[PDB]
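Single-structure report; data block below.
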Amino acid sequence: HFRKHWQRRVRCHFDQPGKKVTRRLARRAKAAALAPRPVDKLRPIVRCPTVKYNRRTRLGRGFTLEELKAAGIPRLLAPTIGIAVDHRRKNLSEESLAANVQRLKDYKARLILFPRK
Amino acid sequence: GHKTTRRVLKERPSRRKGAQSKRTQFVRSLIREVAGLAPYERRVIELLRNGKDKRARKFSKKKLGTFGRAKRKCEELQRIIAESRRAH
Amino acid sequence: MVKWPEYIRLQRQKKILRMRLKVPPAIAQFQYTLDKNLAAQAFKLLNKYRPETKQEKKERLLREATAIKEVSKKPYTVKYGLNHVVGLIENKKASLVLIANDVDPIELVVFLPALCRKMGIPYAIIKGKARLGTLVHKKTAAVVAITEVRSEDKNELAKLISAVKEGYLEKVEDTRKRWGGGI
Amino acid sequence: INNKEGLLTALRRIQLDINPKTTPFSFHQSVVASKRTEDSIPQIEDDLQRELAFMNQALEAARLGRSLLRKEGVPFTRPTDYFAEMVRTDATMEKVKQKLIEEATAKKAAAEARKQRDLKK
Amino acid sequence: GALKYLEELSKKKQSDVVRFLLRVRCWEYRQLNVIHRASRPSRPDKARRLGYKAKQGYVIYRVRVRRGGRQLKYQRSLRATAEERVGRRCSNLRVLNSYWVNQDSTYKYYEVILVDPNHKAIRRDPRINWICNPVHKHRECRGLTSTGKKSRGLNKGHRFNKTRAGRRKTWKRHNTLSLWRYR
Amino acid sequence: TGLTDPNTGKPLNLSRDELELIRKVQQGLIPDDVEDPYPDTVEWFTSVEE
Amino acid sequence: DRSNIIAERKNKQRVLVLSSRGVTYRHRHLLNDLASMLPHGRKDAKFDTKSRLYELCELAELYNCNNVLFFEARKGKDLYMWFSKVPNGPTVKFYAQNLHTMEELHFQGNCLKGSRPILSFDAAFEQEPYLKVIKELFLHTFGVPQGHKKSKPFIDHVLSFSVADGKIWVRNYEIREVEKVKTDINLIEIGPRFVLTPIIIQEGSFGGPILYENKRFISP
RNA sequence: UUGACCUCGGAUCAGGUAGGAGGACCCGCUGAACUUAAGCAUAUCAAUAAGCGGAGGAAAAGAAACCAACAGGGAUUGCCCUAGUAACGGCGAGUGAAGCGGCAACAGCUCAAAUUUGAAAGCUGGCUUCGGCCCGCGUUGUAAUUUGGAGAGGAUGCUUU
RNA sequence: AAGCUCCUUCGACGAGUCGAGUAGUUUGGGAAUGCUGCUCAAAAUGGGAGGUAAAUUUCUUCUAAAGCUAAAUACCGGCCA
């Protein structure tokens with residue numbers, strides 16, 4: 013499959029050790045700004061779509077509105093305390109709901125909050 | 023496949039994202055009377071008043087391009103004939 | 052012979068074309084405008100309800116602020138603004154409507170006589186979008202509406218409304234549905 | 190599900206009176222063959238025999254129909270002067286005539302390659 | 002709510018009042034220049050929903066474009101050609117959006133909305149001051165307007181697999197031989 | 218070719234260029250023959266008062 | 022007299038061929054091949070699948086056609102047939118596969134468009150009734166009435182309908198004359237090749253109570 | 001006679017802006033042949049090179065008229081895999097994805113559609129004792145409120161600057 | 001000024017745009033894969049794309065024709081190392 017000019021469009025990766033240093037420095041640079049906070053926001057536990065991966069389970073994008081209200085976290089506060097929020101996702105079953113309001117309840121137990129001023 | 027306890031969802035506010043309000047239907051009925059009719063709609067109205075409903079459905083189909091749009095246009099123009107006759 | 056400028060000729064040719072073509076009966080109804088007497092009697096009432104200018108609104112604010120350093130009813134003015142007046146028409150909050158006959162996108166006012174007819178509000182097509190703007194302290198005003206007047210002149214408003222449904226809307230009745238122009 | 194009596198019941202309501210008692214063959218021109226043609230086909234993947242079976246079925250239909258059509262009598266065969274419009278585009282027959290050229294000229298040109306190598310041995 | 006009545010009117014543009022208005026306006030625009038300045042939009046409802054505001058810094062420009070084939093077909097739309105000619109004429113402005121305003125047997129007529137990035141009424145408004153940034157210089161030439169996004173196929177779905185992230189960027193990515201270190 | 222105004226007006230006098238400009242846009246704005254191209258408006262919606 | 026049949030007893034038949042919204046060029050060419058042969062039919066395209074089945078009835082009543090041949094396409098890959106007597110008569114559903122159209126340059130046969138066919142049926146089309154109902158529906162769809170003024174008169178082709186496994190195989194051949202050695229009919233195949241697998245018989249026009257069910261059908 | 005309003009012009013009037021360069025990478029337009037198929041025209045080459053237009057430190061894309069058929073996922077982009085699979089093919093030459101999955105990074109919003117109507121509440125300029133005065137824009141609509149997994153308005157009571 | 005709660009009150013959503021036919025182009029992709037030109041030209045329990053032989057188009061999932069936005073990605077050029 014070398015019918016076209018593959019010479020002009022070949023990309024090597026000698027920056028693979030150098031990009032890893034930059035990526036680890038970006039995580040250190042981010043943690044200097046958000047010094048007591050974790051680097052990454054909290055994400056929900058969701059089930060993979062297809063029949064091939066139904067039995068597996070991964071992290072989603074953000075918590076549903078019903079999950080936040082059941083846990084006791086107000087919607088407009090959640091992005092400001094490290095909880096990602098997805099308005100598109102729906103619950104559609106009690107098993108998806110109960111797994112995530114356990115996760116948010118477990119987040120609140122391990123969370124320490126500091127007053128505003 | 024797997025059995026789960028399905029929940030009942032809150033009504034999505036994007037249901038029927040077009041028009042079902044009484045205000046928009048008032049505006050459309052007002053604008054249609056103040057603007058008049060298209061040239062092809064005058065042809066269909068003449069045929070519908072003369073009973074040539076068979077020709078009118080065909081003529082709206084060539085102009086619009088789809089049988090479903092031809093039914094709706096002939097339905098809308100038939101209502102105009104009905105409410106113009108009552109006012110007369 | 053002599054040569055005329057380009058925009059000069061186009062002004063006259065549009066005037067000929069708008070009055071001599073086969074005009075549909077929503078623009079042709081704008082050619083019929085109320086009499087000189089009715090327009091003068093309309094502006095006799097409306098000038099009594101002129102909105103406050105920026106100079107005298109600021110003066111009144113300085114009056115009330117001064118008294119706070121050292128009791129009124131609802132203001133009755135003349136309602137203007139196309140988006141405002143159409144809403145006042147649709148909620149039946151208007152009593153008399155005046156429509157300019159020279160709105161140059163005429164689509165802004167074509168539905169407006171028929172919308173006032175549907176809800177029953179008396180309307181009158183008037184000469185001058187400039188005349189209405191003078192009444193309401195702007196350069197231009199496409200539409201002018203009266204909603205409620207003070208108790209000293211409820212009688213002359215109802216008399217003016219009756220002079221529109223008798224002097225204007227009766228003559229328009231069998232000639233607002235007919236096509237204009239011809240030839 | 191195969192409701193039998195209701196199936197023939199629906200057949201009555203759309204049954205034409207096709208019968209040589211009154212209706213001639215020119216009306217329907219429908220021929221039902223005696224051979225099952227499933228008995229003719231040993232294996233359904235045999236492309237040569239399967240094509241021959243359907244061709245054989247339309248064979249006796251064509252000969253029997255021709256015999257009955259002359260007995261009643263209609264113009265059956267197109268004459269030399271009926272320039273009538275084909276079901277296929279004329280250009281389609283032009284490219285299929287060109288393809289029959291290419292296949293047949295390849296066979297004989299390969300035979301010329303045989304004679305050259307017959308001289309070689 | 003006058004603009005809801007205008008939206009239904011533009012829907013019915015074969016009708017009697019809209020065919021009349023489009024005829025008398027297309028006649029007027031033919032005597033005018035190829036590109037000329039309009040004081041107000043001919044369809045104020047359409048301009049406003051496309052982003053037009055009655056502020057110092059917003060202008061409306063009307064342009065006629067020849068219609069027909071280039091059987092070579094020009095992949096550039098007539099609307100994109102309308103945007104590119106005006107931006108050449110007004111090299112100091114930014115093309116925001118454009119819309120159909122009229123058509124004829126030879127020409128197609130478009131009105132384009134432009135924003136002055138140097139006017140400080142524009143510079144102070146957070147809803148529009150994104151256009152003052154120099155990444156928005158000549159959006160009509162890079163295909164960054166609504167006509168450009170349609171012709172570039174920037175839509176979600178399996179139908180737009182080749183063009184949704186940039187067509188040439190997709191081709192360069194798929195035609196790149198990628199060699200790692202530990203192969 | 219002076220022709221009287223259809224609204225019972227007056228025998229008009231416009232120039233030949235003025236008459237040609239009328240005929241030009243009227244050709245672009247004419248539905249057809251036979252059927253009535255310019256009917257009166259039946260107020261089928263504003264007859265009922267809201 | 023309006024039905025343009027010049028015959029002793031008029032066979033008033035009309036068909037309306039139709040297409041779904043997602044057919045392929047192979048399914049589109051079978052419209053063009055079948056309608057060219059079929060002289061008393063009208064072509065129409067792109068019926069809305071969001072509509073109902075019985076809106077194919079007043080579509081045909083609009084065009085005065087008592088038969089309808091609907092090409093319904095699913096997934097953009099599968100052809101499904103429908104033969105139906107429009108007002109109240111029975112209908113059928115097939116799955117059509119193994120398509121080969123007239124445009125493919127390998128058949129080497131041709132015939133007049135609008136010429137009357139001979140219908141070459143099979144033996145199982147007579148003995149078993151679920152073949153008999155589609156037999157009359159095939160015979161009506163390709164009825165080509167006697168005195169039809171759009172029909173070319175000389176007969177040169179025969180349509181062969183035969184059932185082999187559980188599926189009906191259509192064939193078209195050209196009648197050609199070669200003189201006998203001291227003239228016999230030699231068939232050259234013209235046109236469409238498809239394989240027609242039955243699915244249902246419904247006693248209504250397009251709904252109605254179910255009459256035959258093919259309980260061996262492997263769907264694609 | 002005067003004065004508006006609209007429209008079109010003039011001005012070495014005041015304040016601004018565009019051109020050109022560079023173009024490795026980026027966004028559009030336009031677009032070729034040899035070659036391969038041991039000949040050659042469909043095809044390939046190649047949606048490439050050359051030509052034209054337009055940007056930045058990145059650009060472009062981007063918060064579903066999406067993917068899916070699930071026990072569901074959830075803006076965009078990039079890597080690995082999917083995979084030389086599906087698909088299309090003088091079915092020769094060959095061409096050639098995407099969804100799922102593991103990662104990297106993560107962020108959400110602004111309008112138009114409403115009557116502030118118990119008060120154009122908004123904004124550009126000029127003069128300025130820098131404190132606040134005029135002109136103009138604008139009702140053919142500038143602020144505030146709202147943007148459909150929403151919202152408004154009342155009512156009620158806690159919580160926030 | 002702001003967030004939530006409740007409800008004998010309301011709830012507006014982008015048109016010469018979809019779409020139909022046709023020609024060119026393009027793609028692995030004749031629901032045209034997409035785009036463009038020409039002719040005609042929409043809807044409001046609407047529209048789009050799917051799923052399904054399952055018996056009728058049952059169900060599923062989103063809302064187009066207005067707009068902004070860092071990061072992860074590219075880099076034979078610019079300031080350096």
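Chains as they are written, first to last, in the authors' numbering: chain LL, 13 to 129; chain Li, 23 to 110; chain LG, 52 to 121, 128 to 240; chain CU, 190 to 310; chain LN, 2 to 71, 91 to 203; chain CC, 218 to 267; chain CA, 22 to 203, 227 to 264. Don't be surprised by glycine CBs; every beta carbon is placed ideally from N, CA and C.
Using the Cβ count rule (16 or more neighbours within 10 Å means buried), how would you classify residue i?
{"i": "residue 57 of chain Li", "result": "buried"}
{"i": "residue 127 of chain LL", "result": "exposed"}
{"i": "residue 227 of chain CC", "result": "exposed"}
{"i": "residue 261 of chain CA", "result": "exposed"}
{"i": "residue 36 of chain Li", "result": "exposed"}
{"i": "residue 146 of chain LG", "result": "buried"}
{"i": "residue 81 of chain LL", "result": "exposed"}
{"i": "residue 79 of chain Li", "result": "buried"}
{"i": "residue 62 of chain LN", "result": "buried"}
{"i": "residue 63 of chain Li", "result": "buried"}
With distances taken Cα to Cα, identify the nearest neighbour of residue i among the options.
{"i": "residue 128 of chain CA", "options": "CU:223, CU:221, CU:284, CU:302", "result": "CU:284"}
{"i": "residue 143 of chain LN", "options": "LN:7, LN:59, LN:4", "result": "LN:59"}
{"i": "residue 129 of chain LN", "options": "LN:15, LN:16, LN:17, LN:34", "result": "LN:34"}
{"i": "residue 203 of chain LG", "options": "LG:144, LG:135, LG:60", "result": "LG:135"}
{"i": "residue 229 of chain LG", "options": "LG:240, LG:181, LG:196, LG:161", "result": "LG:181"}
{"i": "residue 155 of chain CA", "options": "CA:203, CA:173, CA:169, CA:183", "result": "CA:183"}
For residue i, which residues in chain CC fall below 9 Å Cβ to Cβ?
{"i": "residue 185 of chain LG", "result": "Those within 9 Å of residue 185 of chain LG in chain CC number zero; the least Cβ separation is about 24 Å."}
Along chain CC, in chain order, which residues have C-beta atoms closer than 8 Å to that of residue i?
{"i": "residue 55 of chain Li", "result": "258, 260, 261, 262, 263"}
{"i": "residue 68 of chain LG", "result": "238, 239, 242"}
Note down, in chain order, every chain LG residue with its Cβ under 9 Å from the Cβ of residue i.
{"i": "residue 52 of chain Li", "result": "168, 171, 172, 175"}
{"i": "residue 58 of chain Li", "result": "75, 76, 77"}
Identify the residues that DSSP records as bridge partners of residue i: which are they?
{"i": "residue 261 of chain CC", "result": "The partner list for residue 261 of chain CC (beta bridge, DSSP) is empty, contrary to what the question assumes."}
{"i": "residue 26 of chain CA", "result": "CA:169"}
{"i": "residue 17 of chain LL", "result": "Per DSSP, none; premise fails for residue 17 of chain LL."}
{"i": "residue 237 of chain LG", "result": "LG:74"}
{"i": "residue 69 of chain LL", "result": "LL:59"}
{"i": "residue 190 of chain CA", "result": "CA:183, CA:239"}
{"i": "residue 122 of chain LN", "result": "LN:129"}
I want to verify the contact list: residues of chain CU whose CB lies under 8 Å from the CB of residue i, in sequence order.
{"i": "residue 131 of chain CA", "result": "275, 276, 277, 282"}
Cβ closer than 7 Å: which chain CC residues qualify as neighbours of residue i?
{"i": "residue 92 of chain Li", "result": "Ordered by position in chain CC, no residue passes the 7 Å Cβ test against residue 92 of chain Li, which lies about 20 Å from the chain."}
{"i": "residue 62 of chain LG", "result": "Those within 7 Å of residue 62 of chain LG in chain CC number zero; the least Cβ separation is about 14 Å."}
Under 8 Å between beta-carbons, which chain LG residues line up against residue i? List them in chain order, please.
{"i": "residue 243 of chain CC", "result": "72, 73"}
Any heavy atom of the ligand COA closer than 7 Å to the Cβ of residue i?
{"i": "residue 24 of chain LN", "result": "With respect to small molecules bound, the structure shown includes none, and the ligand COA cannot be examined in it."}
Taking residue i as part of the alpha helix (DSSP H), name the residues at either end of that continuous run.
{"i": "residue 68 of chain Li", "result": "61-71"}
{"i": "residue 79 of chain CA", "result": "78-83"}
For residue i, report the span of its beta strand (DSSP E) as first-last.
{"i": "residue 62 of chain CA", "result": "62-64"}
{"i": "residue 233 of chain CA", "result": "228-233"}
Could you name the residues of chain Li that residue i contacts, counting a contact when the two beta carbons are closer than 8 Å?
{"i": "residue 107 of chain LL", "result": "26, 27"}
{"i": "residue 248 of chain CC", "result": "61, 64"}
{"i": "residue 252 of chain CC", "result": "64, 65, 68"}
Please list the partners that residue i has in chain Li, where partner means a Cβ-to-Cβ separation under 9 Å.
{"i": "residue 72 of chain CA", "result": "89, 90"}
Just to make sure I have the definition right: I need the residues of chain LN whose C-beta is within less than 9 Å of the C-beta of residue i. Which are they?
{"i": "residue 49 of chain Li", "result": "2, 5, 6, 8, 9"}
Along chain CA, which residues have their Cβ under 7 Å away from the Cβ of residue i?
{"i": "residue 225 of chain CU", "result": "144, 145"}
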